[PDB]
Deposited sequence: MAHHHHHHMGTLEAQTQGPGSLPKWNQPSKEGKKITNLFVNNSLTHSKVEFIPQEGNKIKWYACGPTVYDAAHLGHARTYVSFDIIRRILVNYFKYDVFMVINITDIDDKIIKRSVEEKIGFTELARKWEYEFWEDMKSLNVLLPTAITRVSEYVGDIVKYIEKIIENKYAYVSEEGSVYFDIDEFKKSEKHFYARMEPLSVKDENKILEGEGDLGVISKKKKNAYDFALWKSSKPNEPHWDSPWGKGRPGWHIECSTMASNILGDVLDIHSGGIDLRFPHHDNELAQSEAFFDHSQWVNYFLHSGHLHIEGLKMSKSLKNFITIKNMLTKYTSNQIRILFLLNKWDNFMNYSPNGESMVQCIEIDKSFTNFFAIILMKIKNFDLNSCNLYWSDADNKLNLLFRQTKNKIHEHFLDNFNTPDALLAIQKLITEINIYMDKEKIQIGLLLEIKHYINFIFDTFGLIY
């Protein structure tokens, strides 16, 4: 009644870690519970490929790369991940007439550069990549099923529209679950296109309703449903996508499967702002990932994002201001590895005393305590800023111990391996 309901998955037979995540379906932190076993089926919205990627894009996909690494490498979940490529879109069509190199060729060029930029930032490829242009046939069939369930109608011009009012009427369906308050050929203005009749001279595809292109939202519902099925553990994207794009995906997929909950946990990354405004091609305030990488390293860019909670907005100060701290932290990590490897390399088991000293026990106590702190930070909705701080504090105490105390070679090696493990989880490379 007027408020959307959410069904937490049952805990029986599932991997239970007590991880809590910020779920946009509940607008709260709730315990994460797999639909099945230790498995996480996860779809994340990808770029629309018509130009260079910028630092805002880097923030979203690095943030989700970090979260994936925590889920897999740290918590040992089994993550099946899908990212789409929006290679059919009005922006691409317009840009291709300007560039005169062919529509598929333009989209493929900027998709290729997007993946090169993700690789440069040490962002892992997903399990499956779903390009809209390779799924148009499956999209047409998806729309046919929604129409067959009477949740969409065909205009005379040959477009197909989702029927919001028919969908809401069903007691098992609620439209705009995540942003309820954000709501001539149509029945109602709030109805959105599933199939757009083709304008002349534009790229188009055949369908039962005439030549056209998919509507934006039906692309992601179709592709995610085809690979991951009727219940997604996680669906993600930047916060701007929550409405209309993600709310519309929920309605389409619910209408296709005729059920009530297509996604259990919807995660929305915050935006990178620059001088108070979202970094956007439109505002002409953006910094390309490639330009960023001529001045800073992959590690420094990832540290920038590790210092900001994934689901909050962050301010970026250009001309190196925000990167000053990132460069210092990266510098201290590089210097730490140099020192500890030198101490390990020069340690002589023949001439040492290995008595477990008071200093050895204190360092070990701080070490085990740091493991428990970082565990509680990761359970706390992927709090990397405080886990990074905990690592920095530990490195400060290891540096002191290496300078003066007689070293337990085994304790130093084990601590280095744990720090390596957390840095693999962060996506840092030393």
task: Would you list the gaps, meaning deposited-sequence stretches without C-alpha coordinates, in the order they occur?
output: 1-19, 203-219
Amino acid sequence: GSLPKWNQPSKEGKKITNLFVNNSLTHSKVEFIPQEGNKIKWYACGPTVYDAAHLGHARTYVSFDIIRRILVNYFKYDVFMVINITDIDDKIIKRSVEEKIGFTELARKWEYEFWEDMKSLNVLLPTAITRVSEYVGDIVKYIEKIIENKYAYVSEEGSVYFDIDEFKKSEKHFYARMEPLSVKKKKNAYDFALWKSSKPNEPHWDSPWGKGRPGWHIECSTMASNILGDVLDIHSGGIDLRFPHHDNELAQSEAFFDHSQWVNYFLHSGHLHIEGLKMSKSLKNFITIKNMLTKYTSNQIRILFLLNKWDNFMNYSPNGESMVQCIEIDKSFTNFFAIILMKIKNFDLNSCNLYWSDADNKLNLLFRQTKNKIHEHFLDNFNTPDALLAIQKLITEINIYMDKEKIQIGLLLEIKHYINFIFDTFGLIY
From here on, numbers count along this sequence of modelled residues.
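In this text, rigid core is short for the largest set of C-alphas that superpose within 1.5 Å between two forms.
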query: With the rigid core as the fit anchor, does 97-105 or 220-228 show bigger C-alpha shifts in 8 other deposited structures of this protein?
result: 97-105
statement: Core-aligned CA RMS in 8 other deposited structures of this protein: between 255-263 and 273-281 the higher one is 273-281
Flanks modelled, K141 absent in at least a third of other entries: no
query: Are coordinates for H245 absent in a third or more of the other compared PDB entries?
result: no
statement: When mean C-alpha B-factors in the record are compared for 355-363 and 124-132, the larger belongs to 355-363
statement: Entry B factor averaged over C-alpha atoms, 270-278 against 74-82: higher for 270-278
- prompt: From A224, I164, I239, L306, which pick has the Cα B-factor that tops the rest in the entry?
  reply: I164
Residue of maximum C-alpha B factor among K185, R108, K119, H246, per deposited coordinates: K185
message: Going by the CA temperature factor in the PDB record, which third of the chain does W6 belong to: lowest, middle or highest?
response: highest
statement: Among the modelled residues of its chain, the C-alpha B-factor of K196 falls in the third labelled highest
- prompt: Lowest, middle or highest third: where is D403 by Cα B-factor in its chain?
  reply: highest
statement: For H259, the third of its chain by CA B-factor is the highest
query: Among the modelled residues of its chain, does the C-alpha B-factor of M178 lie in the lowest, middle or highest third?
result: lowest
